[PDB]
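Asker:
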Amino acid sequence: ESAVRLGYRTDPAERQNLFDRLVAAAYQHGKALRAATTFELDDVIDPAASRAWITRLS
Amino acid sequence: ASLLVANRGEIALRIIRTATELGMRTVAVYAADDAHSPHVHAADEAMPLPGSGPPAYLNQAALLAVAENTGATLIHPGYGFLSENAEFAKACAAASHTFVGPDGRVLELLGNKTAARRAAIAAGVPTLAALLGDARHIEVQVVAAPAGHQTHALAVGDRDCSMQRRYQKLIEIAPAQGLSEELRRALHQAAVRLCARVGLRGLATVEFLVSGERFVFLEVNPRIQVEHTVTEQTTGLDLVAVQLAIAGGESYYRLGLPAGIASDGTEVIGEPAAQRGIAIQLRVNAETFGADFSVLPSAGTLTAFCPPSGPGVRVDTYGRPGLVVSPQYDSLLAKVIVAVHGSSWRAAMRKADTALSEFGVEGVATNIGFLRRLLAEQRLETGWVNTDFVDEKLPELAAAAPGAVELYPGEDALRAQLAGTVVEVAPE
Amino acid sequence: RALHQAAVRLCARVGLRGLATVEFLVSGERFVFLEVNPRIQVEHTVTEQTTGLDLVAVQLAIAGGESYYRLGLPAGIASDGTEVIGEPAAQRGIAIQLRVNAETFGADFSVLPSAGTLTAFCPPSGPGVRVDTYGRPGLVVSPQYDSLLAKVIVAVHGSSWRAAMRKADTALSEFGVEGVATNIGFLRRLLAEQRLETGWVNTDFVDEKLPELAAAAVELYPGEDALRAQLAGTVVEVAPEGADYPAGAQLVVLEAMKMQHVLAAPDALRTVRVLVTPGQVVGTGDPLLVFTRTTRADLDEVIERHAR
Amino acid sequence: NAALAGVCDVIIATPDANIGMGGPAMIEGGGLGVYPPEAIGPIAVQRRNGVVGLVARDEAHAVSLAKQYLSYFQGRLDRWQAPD
């Protein structure tokens, strides 16, 4: 939303509408899976895997 | 008598207070959501409502249920919500509870904009085709109770509600400034005639559109209104008490209200009522300016809260230190109402500004700066502005948006002998 | 009428110009002149809140050279320098002014001046409530000047003294002050006294009752809800922290007056934390305890993508 | 830029200074509206909450103070004058 509120500036009554359209849309290209694509995250795991990872911490 | 206040926020708290002075037992209700509003702790009993948020307060079954378990005699809808809903009114009567408002059919007649305009014409009042020129919003406060077997309606005062942003009121003024005692008398006489003609019982605000010496009926509100406060400051009256007195069965004559133009269910008689001084009500909302001079509701915890407080300064609030402000409801935070004796409009404005400057809020954005800048406007210095004024000056005004210092011994502070802008300072 | 007549008569004679308060000492029907104050007084405010006069504005007007008849004051008993005429003034409603001072108690109920910085200051407001105070958040109260912090003035229409004291107590309770010790507790304790329900007390009352009165001084994480007190009362029985209750089960038992109110579970719920203990006293609204009423597309996009 | 500045030992600022973790663009992106930069980290606000350690008259003074501050962590002085 910070991104959308900035890169988009008009709605008299309800803006909340067009907003959550740019938001829900932009989300698709800022999600975890995409980040994982460029290795900005080590992985996007199945939350049941949380333990197996933490375990390697000790 | 037992009173159930079917509303929330400041108006609920307002009603609870007059009810307490009168000695009634009060019962408040709150959406699971509105748990910490001040009106809850203020009442004698507070039953929780099923739903959550605004739409919770519309649960007719729920309220009637609360009223049944607490044995509440009367039910006050406040304003907004069920206040003008005929079905609820009838449902209360049905359940054998007194609905503090007009009759069920009156709410149907007035609730219907088309039907009302017809009633209007019928009682000899000019109306819109729909799109008037240079107009002012003038409202006439009416009180209507039965005397003998007829309905008497008295015009207790009038207000200027022109200052509005996209149709939401920001500043109400009482009395309306600069109205020929010809036009005034014309508005009071129209209001009480229209009110008595439709058999109203209780409070009602007749709205008008004024342009020069010409005016036209706009709408009627058979409920208590947010700006009822400036009428109280200039009249002396406690309009809520009157509302209740009427609800309890009191008659026009035994209400002992100040003199004024009235309609004794026959012909109109009297001189315009007396409105001592001038009063201004400023709606301080928890909201801020967006990009395109847009309006974004605010939200946050009131870390610091301290409203203006002096002689002639009244604050009907809903906020308090600690309260977390939510955008889930009306953004009104407090109603600062200043009044001044005499007629110096300029003095009245000064006071409104000061009151605002002494209003300390922290942790939530308010419109105090906006209101504050909107008061500086030179046009307003003539006593009033039209309906388009606030909407046109919005961009220009939106664009326009002491701390204890210890002194070690041997030091003295050079203070500003008067208010102003710095232009030059010396080297540390 | 006798006291009003004594005042006006006395003030005209001495050739007074402006405001003045004549102090008498009544005792049944017998009274005596006590003193005259040729100045504005701290309690001028209750007279304002009942007559509608701006006594400070009248002072000025008179000092500016205005004449008696031009001030346009309301009726009342007046002395035209020689004879007295008029019916007693008209005082609407009842007004009570309470003096909130930055002071605390000491050793043997002694009284000490408070000092400090008002970190929280919030005068009671609403209709019928007026506050003449020089305090504001950040202001640092000095022990060096008089302790008066604020003057709370409540007014009520008509004449129910009962209603006035009530309004006064509520006003004092809604007054939030943090940083400096005050006497809001003492005043509060003082309004609750019974002799005072008669409409008045005498000059000694507050002194013979000082020692008696001196001595008598939550967030929710999503999914949680809070069971509140329906009305004021004393907690008699509360549920434990972490039990499963069916819709309707008894959860809390309060003892308001002489009877017992039983708060029941809105519906199937497990109790989380309990904020109240048996014996304790609560009031309308007071939170008693916290409780909890009783496919992943995105994870498939991950399982898939990893399988690829 | 502020983050870096507030991770330091001292912050020498000049009266025209305005330090804040969030830029007006961020305060806006968060939906808190729009504020002018002169209303974010006033040399008055930061002068009190202990964010600004030294307040300089002007740019040349700030650099003067910076040189002096380091001097304590750089060594002893040879020329010194004792008070009366």
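Sequence lines, in order, name chains B, A, B' and A'. A prime marks a further copy of an entry chain.
The first sequence maps to residues 1010 to 1018, 1025 to 1073 in the deposited numbering.
The second sequence maps to residues 3 to 131, 199 to 470, 479 to 505 in the deposited numbering.
The third sequence maps to residues 254 to 470, 482 to 558, 576 to 589 in the deposited numbering.
Okay, so the fourth sequence: first residue is 758 according to the deposited numbering, each after it adds one.
C-beta: ideal position from N, C-alpha, C; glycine also.
1. Please name the residues in the stretch 806-829 of chain A' whose beta-carbon is closer than 9 Å to at least one beta-carbon of chain A, in chain order.
2. Within 10 Å of its beta-carbon, does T386 of chain A have 16 or more other beta-carbons around it, so buried, or fewer, so exposed?
3. For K420 of chain B', report the span of its alpha helix (DSSP H) as first-last.
4. Excluding sequence positions up to five away, which residues of its chain have a Cβ less than 7 Å from the Cβ of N436 of chain B'?
5. Would you say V1059 of chain B reaches chain B', if we count a Cβ-Cβ gap shorter than 7 Å as a contact?
6. For residue 719 of chain A', count neighbouring Cβ atoms within 10 angstroms of its own Cβ and tell me buried if that reaches 16, exposed if not.
7. Can you tell me whether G549 of chain B' is buried or exposed? The criterion is at least 16 other CB atoms within 10 Å of its CB, across all chains shown.
8. Taking only three categories from DSSP, how would you classify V29 of chain A?
9. Which ranges would you report for the alpha helix (DSSP H) in the stretch 280-356 of chain A if only whole runs of at least 4 residues count?
10. With a threshold of 7 Å between beta-carbons, can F428 of chain A be considered close to chain B', or not?
11. Report the CB separation of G329 of chain A from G339 of chain A in whole angstroms; it is logged as a contact under 8 Å.
12. According to DSSP, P486 of chain A sits in a beta bridge with which residue or residues?
13. When the Cα atoms are used, what is the spatial distance from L1037 of chain B to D1026 of chain B?
14. How close, in whole Å, do the beta carbons of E519 of chain B' and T498 of chain B' come, if the pair is a contact with beta carbons under 8 Å?
15. Residues of chain A with CB under 8 Å from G790 of chain A', in chain order?
16. Can you name the start and end residues of the beta strand (DSSP E) that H818 of chain A' belongs to?
17. On the DSSP bridge list, what partners appear for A408 of chain A?
18. My understanding is that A445 of chain B' touches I347 of chain B', with C-beta atoms under 8 Å, so please give their C-beta distance in whole angstroms.
19. Can you tell me whether DSSP reads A8 of chain A as helix, strand or coil?
20. Residues of chain A' with a CB under 8 Å from the CB of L1015 of chain B: which are they?
21. Mind pulling the chain B' residues with CB within less than 8 Å of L1048 of chain B?
22. Going along the chain, which residues of its own chain have a beta-carbon closer than 7 Å to the beta-carbon of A424 of chain B', five neighbours each way excluded?
23. Please report how far the alpha carbon of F358 of chain B' lies from the alpha carbon of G334 of chain B', in whole angstroms.
24. With a cut-off of 8 Å on the beta carbons, I'd call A69 of chain A and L6 of chain A a contact; round off their distance for me.
25. How is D1035 of chain B classed by DSSP in three states: helix, strand or coil?
26. Which of helix, strand or coil does DSSP assign to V459 of chain B'?
27. Given that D46 of chain A touches chain B', what residues does it touch there, using C-beta distances under 9 Å?
28. Counting Cβ pairs, one atom from each stretch, are 3 or more of them under 8 Å apart for the stretch 15-23 of chain A and the stretch 446-455 of chain B'?
29. Grab the span of the alpha helix (DSSP H) containing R1066 of chain B for me, first residue to last.
30. Out of B':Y321, B':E319, B':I293, which has the shortest C-alpha to C-alpha gap to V309 of chain B'?
31. Do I797 of chain A' and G810 of chain A' have their CB atoms nearer than 7 Å?
32. Considering only C-alpha positions, which residue in the set A:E288, A:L65, A:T72 is nearest to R27 of chain A?
33. Please tell me whether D531 of chain B' has its Cβ less than 7 Å away from any Cβ of chain A.
34. How should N290 of chain B' be labelled, buried or exposed, when 16 other C-beta atoms within 10 angstroms of its C-beta is the threshold for buried?
35. Counting only beta-carbon atoms, is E465 of chain A nearer than 7 Å to chain D?
36. Could you list the residues in the stretch 383-401 of chain B' with a C-beta less than 8 Å from some C-beta on chain A, going in chain order?
Answerer: A quick look at the data gives this:
1. Of all residues in the stretch 806-829 of chain A', only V812, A813, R814, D815, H818 place a beta-carbon less than 9 Å from a beta-carbon of chain A.
2. Looking up residue 386 of chain A in the second sequence gives position 317. Classification of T386 of chain A: buried, given that the 10 Å Cβ count is 16 or more.
3. Here residue 420 of chain B' refers to the residue found at position 167 when the third sequence is read from its first residue. Going by DSSP, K420 of chain B' is part of the alpha helix (DSSP H) stretching over 414-427.
4. The count along the third sequence starts at 1 and reaches residue 436 of chain B' at position 183. Taken in chain order, the residues that qualify are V353, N354, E356.
5. Residue 1059 of chain B sits at position 44 when you count from the first residue of the first sequence. For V1059 of chain B, the nearest CB of chain B' lies under 7 Å from its own CB, placing it at the interface with that chain.
6. With chain A' running from 758 to 841 in the structure shown, residue 719 of chain A' is simply not present.
7. Here residue 549 of chain B' is taken as the residue at index 285 of the third sequence, counted from 1. Classification of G549 of chain B': buried, given that the 10 Å Cβ count is 16 or more.
8. Your numbering for residue 29 of chain A matches position 27 in the second sequence. Judged by DSSP in its simplified three-state form, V29 of chain A adopts strand.
9. Counting whole runs of 4 or more residues, the stretch 280-356 of chain A contains the alpha helix (DSSP H) stretches 297-304, 308-316.
10. The residue you call residue 428 of chain A lines up with position 359 of the second sequence. Between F428 of chain A and chain B', the shortest Cβ-Cβ separation is not below 7 Å.
11. Locating residue 329 of chain A in the second sequence gives position 260, counting from the first residue. Locating residue 339 of chain A in the second sequence gives position 270, counting from the first residue. That belief holds up - the Cβ atoms of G329 of chain A and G339 of chain A are roughly 6 Å apart, short of 8 Å.
12. Mapped onto the second sequence, residue 486 of chain A falls at position 409. Note: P486 of chain A sits in no beta bridge, so no partner.
13. Residue mapping note: residue 1037 of chain B aligns to position 22 of the first sequence, counting from 1. Residue mapping note: residue 1026 of chain B aligns to position 11 of the first sequence, counting from 1. Rounded to whole angstroms, the gap between the alpha carbons of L1037 of chain B and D1026 of chain B is 14 Å.
14. Indexing the third sequence from 1 puts residue 519 of chain B' at position 255. Indexing the third sequence from 1 puts residue 498 of chain B' at position 234. Going by Cβ atoms, the distance from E519 of chain B' to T498 of chain B' rounds to 5 Å, so yes, they are a contact pair.
15. Position 33 of the fourth sequence, counting from 1, holds the residue named residue 790 of chain A'. Near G790 of chain A' (Cβ distances below 8 Å), the residues of chain A are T357, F358, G359, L365, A434.
16. In the fourth sequence, counting from the first residue as 1, residue 818 of chain A' sits at position 61. Following the DSSP letters along the chain, one finds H818 of chain A' in no beta strand (DSSP E) but inside the alpha helix (DSSP H) bounded by residues 816-831.
17. Translated into positions along the second sequence, residue 408 of chain A becomes position 339. Its beta-bridge partners are A:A348.
18. Your numbering for residue 445 of chain B' matches position 192 in the third sequence. Your numbering for residue 347 of chain B' matches position 94 in the third sequence. With a contact defined as Cβ atoms closer than 8 Å, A445 of chain B' and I347 of chain B' miss out at about 18 Å.
19. One-based indexing of the second sequence puts residue 8 of chain A at position 6. DSSP places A8 of chain A in coil when its eight states are reduced to three.
20. Walking along the first sequence from the start, residue 1015 of chain B turns up at place 6. What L1015 of chain B touches in chain A': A782, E785, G786.
21. In the first sequence, residue 1048 of chain B corresponds to position 33, counting from 1. For the C-beta of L1048 of chain B, the chain B' residues within less than 8 Å are, from N- to C-terminus, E582, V583, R586.
22. Your numbering for residue 424 of chain B' matches position 171 in the third sequence. The answer, listed in chain order, is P377, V382, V405, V407.
23. What you label residue 358 of chain B' is simply residue 105 of the third sequence in a count that begins at 1. What you label residue 334 of chain B' is simply residue 81 of the third sequence in a count that begins at 1. Distance between the alpha carbons of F358 of chain B' and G334 of chain B': 48 Å.
24. If you number the second sequence from 1, residue 69 of chain A lands on position 67. If you number the second sequence from 1, residue 6 of chain A lands on position 4. Contact holds; Cβ gap of about 5 Å.
25. As a first step, residue 1035 of chain B must be located in the first sequence, where it is residue number 20. Note: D1035 of chain B maps to helix in three-state DSSP.
26. Taking the first residue of the third sequence as 1, we reach residue 459 of chain B' at position 206. Correct three-state label for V459 of chain B': helix.
27. Residue numbering aside, residue 46 of chain A sits at position 44 when the second sequence is read from its first letter. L495, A496, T548, listed in chain order.
28. Touching, no.
29. Numbered from its first residue, the first sequence carries residue 1066 of chain B at position 51. Its alpha helix (DSSP H) spans residues 1065-1069.
30. Residue numbering aside, residue 309 of chain B' sits at position 56 when the third sequence is read from its first letter. Among B':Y321, B':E319, B':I293, the Cα nearest to that of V309 of chain B' belongs to B':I293.
31. Here residue 797 of chain A' corresponds to residue number 40 of the fourth sequence, with the count starting at 1. Here residue 810 of chain A' corresponds to residue number 53 of the fourth sequence, with the count starting at 1. No; because the gap between Cβ atoms is not below 7 Å, this pair is not in contact.
32. Counting from 1 along the second sequence, the entry for residue 27 of chain A is found at position 25. Checking every option, the nearest Cα to that of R27 of chain A belongs to A:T72.
33. Taking the third sequence and counting its residues from 1, the one referred to as residue 531 of chain B' is at position 267. False, the Cβ-Cβ gap to chain A never drops below 7 Å.
34. As a position in the third sequence, residue 290 of chain B' is number 37, starting the count at 1. So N290 of chain B' counts as exposed.
35. The question asks about chain D, but that chain is absent: this structure's protein chains are B, A, B' and A'.
36. From the stretch 383-401 of chain B', only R383, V384, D385, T386, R389, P390, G391, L392, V393 have a Cβ closer than 8 Å to chain A.
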